[PDB]
Amino acid sequence: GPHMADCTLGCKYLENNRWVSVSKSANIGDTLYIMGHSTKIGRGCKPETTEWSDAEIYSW
Numbered sequence: 017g018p019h020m021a022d023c024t025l026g027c028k029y030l031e032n033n034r035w036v037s038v039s040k041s042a043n044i045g046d047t048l049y050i051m052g053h054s055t056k057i058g059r060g061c062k063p064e065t066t067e068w069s070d071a072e073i074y075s076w
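Its first residue numbered 17, the sequence shown is counted upward by one per residue in PDB author numbering.
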């Protein structure tokens, strides 16, 4: 079988003063990249870091 992600991380980042949402996909154990920042995807699809100066994960 193929290997797909576990969860879809719905996050928004401030680009050019516009909050752009993007849903990315990663596994429990992946490292999510947002704006150059990286966060490990822990349990409950919940990333270690959910908040950044100009970026935030809103849904997982």
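Every residue, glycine too, gets a C-beta built ideally from N, C-alpha and C.
Between the C-alpha atoms of residue 49 and residue 69, what's the straight-line distance to the nearest angstrom? On the sequence shown, residue 49 is found 33 positions in, with the first residue counted as 1. On the sequence shown, residue 69 is found 53 positions in, with the first residue counted as 1. Computed Cα separation, rounded: 14 Å.
Rounded C-alpha distance that separates residue 71 from residue 17: For this step, residue 71 is matched to residue 55 along the sequence shown. For this step, residue 17 is matched to residue 1 along the sequence shown. As the crow flies, the alpha-carbon of residue 71 is around 34 Å from that of residue 17.
Would you mind reading off the limits of the beta strand (DSSP E) that contains residue 23? Within the sequence shown, numbered from 1, the residue matching residue 23 stands at position 7. Looking at the DSSP string, the run of the beta strand (DSSP E) that includes residue 23 is 23-31.
Locate the beta strand (DSSP E) running through residue 35, then write down its first and last residues. Numbered from its first residue, the sequence shown carries residue 35 at position 19. Start and end: 34-42.
I'd like the list of long-range same chain contacts for residue 26, defined as Cβ closer than 6 Å, with 5 residues on each side in sequence excluded. Within the sequence shown, numbered from 1, the residue matching residue 26 stands at position 10. In the same chain as residue 26, and ignoring 5 residues on each side of it, the C-beta atoms closer than 6 Å to its own belong to 39, 74, 75, in chain order.
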